[PDB]
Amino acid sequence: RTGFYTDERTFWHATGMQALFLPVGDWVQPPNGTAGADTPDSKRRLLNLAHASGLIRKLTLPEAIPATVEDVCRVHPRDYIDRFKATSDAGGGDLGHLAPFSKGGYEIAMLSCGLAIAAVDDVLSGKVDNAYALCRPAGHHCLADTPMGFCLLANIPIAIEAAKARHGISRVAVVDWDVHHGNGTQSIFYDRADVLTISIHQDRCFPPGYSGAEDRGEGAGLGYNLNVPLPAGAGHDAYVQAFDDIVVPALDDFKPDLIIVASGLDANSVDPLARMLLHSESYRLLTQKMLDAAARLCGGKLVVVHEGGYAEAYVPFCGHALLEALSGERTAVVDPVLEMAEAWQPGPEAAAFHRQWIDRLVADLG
């Protein structure tokens, strides 16, 4: 059984008047359509398609339980949380780097975080075999005291520290396949060996200029952070090989008691915020690889937490195939972009380059 953790009010968070990610003003003309990049529909349309296909009726949807302040302050200093609340009450703002929010965004962020907490809690309790948390706002860029890149709270780290306090879990692996670097997760556990943090991301995209393969942790955490930068334009076969040659072997060696996927859908082939070429069947297969790892390593315990994804028209098909895999349910959904996205895939010269790139990352892991 699969739990699906969602709440209407996560779709009411609004980043404000931006054209894509550009703040209005100076030379940036206001948009005439939907404002922003992290739009409500770039996440709701996934849920909409899961309703329309009949898939949601196969899942269990618990009522949302917001994070408490005690929950979030296992990661964040209370001063940040207090300033967040005060700014949110006053009409919204931005307390970090590219992390805007509107009035009431504090309550919505606390709610979104609670979806991740409860998804992990219910999987560890045996209430469901696995779970999907449709978080919005996302979490994986948020530092302990600095929100960034549309992330206002560290959703997954907070869910992990709650699981440690409630269940005493020893080892957790986070597999971050959102197309951007999970710098928040990396930072929060950088000197710890009990959380393996893996990030696969477009080389140099966000944070801009960052690659990170050499950043493997510090102190007790040395060897427990793993960055897999991939070149812009990499597609299905590049991601499959990175998972076969790097990600899955890392999980096997670490022996986690729980696997958490930070699942952004923005490596899809038409996303504006990156340059990758994944399609809906890429996400099905990557999910199947994680289902296999969780079955082999930690009794099936697998939690998928929504992060990025900005192509409103194509994110739903990528997320829906993921959910079909997670739940083991077949529906009648047909991805109308798949044939073209398969034709888009890199040819042999690019494929050789991607294979050589991943071989080098493996060799450098020693």
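Residue numbers here begin at 1 and follow the sequence given.
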| item | value |
| --- | --- |
| Comparing 295-303 with 39-47, the one whose average Cα B-factor in the PDB entry is higher | 295-303 |
| Which of 152-160 and 120-128 has higher mean CA B factor, as the PDB entry lists it | 120-128 |
| Which of 230, 175, 267, 98 ranks first by CA B-factor in the deposited coordinates | 98 |
| Options 223, 207, 137, 114 - largest CA temperature factor per the record | 223 |
| Where the record places residue 272 (Cα B-factor, split into thirds across the chain) | lowest |
| Third of the chain's Cα B-factor distribution that residue 110 belongs to, per the entry | lowest |
| Third of the chain's Cα B-factor distribution that residue 254 belongs to, per the entry | highest |
| For residue 17, the third of its chain into which the C-alpha B factor falls | highest |
| Residue 217 - which third its CA temperature factor falls in, relative to the rest of the chain | highest |
